[PDB]
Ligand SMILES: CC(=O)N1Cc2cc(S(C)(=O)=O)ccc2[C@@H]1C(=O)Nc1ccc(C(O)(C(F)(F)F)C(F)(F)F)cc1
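In structure tokens, the next block holds one chain alone, the form deposited without the ligand.
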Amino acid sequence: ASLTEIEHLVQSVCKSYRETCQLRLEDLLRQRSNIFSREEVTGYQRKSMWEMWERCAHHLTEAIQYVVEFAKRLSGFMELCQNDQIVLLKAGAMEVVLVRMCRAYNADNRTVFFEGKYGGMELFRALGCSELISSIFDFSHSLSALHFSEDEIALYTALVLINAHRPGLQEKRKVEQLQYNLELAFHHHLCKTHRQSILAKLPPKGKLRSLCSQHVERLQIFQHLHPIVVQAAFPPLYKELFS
């Protein structure tokens, strides 16, 4: 792919990203001052496990749905057979959700933006997932240290999804090519901005995968104990994770 194609791919990917973000980043930064009372905290901490899970589960569900809309706008994704779109999304939608979190994370006070204000991990205590939730906070913190631009997150998460080494693909070669193109675009943009050095500092893909595995497993257990009701946007994908 030539320079102009690459530039068009970067612009396209970053526009798709911005347009499939729940909240714009300026909002998240405006509100880092708006922090939860200890009264508001204990309020959340005195919530029942189920009502808290319902909140978080619906929040996370909505997030996955924005990520699916992002994928559907990646050049070439819609041209993929339904099987492969499910393979890519089953594996990666939640990996992207986990990456997108670093936006709502404030490494200064170690808090995250949740339901209108910032709170520490203490806020989710009623779920009793301290291990998992501590891990997630560690990951966001780790991503914070890289000071991603919005453009970098867009290209990085595009590559999290468009990965040709996911088990199950049938058009593996078509994915390899969309991936190659996204890698040229990511690398170009990083060079352009003197940020090429972050490539070696990105999370090892294994760490992202395994963390996503822990997280989804836990969520599936909770979905078993206490099903929330989902109006699904990609039914063949929903059926692949909720059954």
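Here the rigid core means the biggest group of C-alpha atoms that line up within 1.5 Å when the two forms are laid on top of each other. Start at 1 and count along the sequence shown; that's the residue number.
Although not depicted, the form solved in complex with the ligand is the subject of the following passage.
With a 4.5 Å heavy atom cut-off, would you call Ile35 a contact of the ligand in the deposited bound form?
Residue-level check for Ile35: no, no contact with the ligand.
Should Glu79 be counted as a contact of the ligand in the deposited bound form, where contact means heavy atoms within 4.5 Å?
So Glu79 does not count as contacting the ligand.
Residue-level contact is defined here as any heavy atom of the residue lying within 4.5 Å of the ligand in the deposited bound form; does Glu115 satisfy this criterion?
Yes.
Flag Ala154 as yes or no: does it have a non-hydrogen atom within 4.5 angstroms of any non-hydrogen atom of the ligand in the deposited bound form?
Looking in the deposited bound form, residue contacts with the ligand do not include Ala154, since no heavy atom lies within 4.5 Å.
Please identify the residue among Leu169, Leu159, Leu74, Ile136 with any heavy atom within 4.5 Å of the ligand in the deposited bound form.
When the ligand is considered in the deposited bound form, the option within 4.5 Å is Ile136.
Please tell me whether the candidate spot formed by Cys14, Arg173 and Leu184 is one where all three residues come within 4.5 Å of the ligand in the deposited bound form (heavy atoms).
No, the candidate spot makes no contact with the ligand.
For 52-83: residues with a non-hydrogen atom within 4.5 angstroms of the ligand in the deposited bound form?
The stretch 52-83, when checked against the ligand in the deposited bound form, contributes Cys56, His59, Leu60 at the 4.5 Å heavy-atom cut-off.
Return yes or no for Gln223: a CA shift of at least 2 Å between the shown form and the other one, with the rigid core superposed?
Result for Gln223: yes, a 2 Å-plus shift.
Honestly, after the rigid core fit, is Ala232 moving at least 2 Å at Cα between the shown form and the other one?
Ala232 C-alpha, core-superposed: shift of 2 Å or more.
Please check whether, in the deposited bound form, the CA atoms of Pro235 and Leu98 lie closer or farther apart than here, given a change of 3 Å or more.
Distance between the C-alphas of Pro235 and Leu98: shorter in the deposited bound form, by 3 Å or more.
Taking the shown form as the reference, report whether the CA atoms of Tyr238 and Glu79 lie closer or farther apart in the deposited bound form; the distance changes by 3 angstroms or more.
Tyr238 and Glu79 sit farther apart in the deposited bound form.
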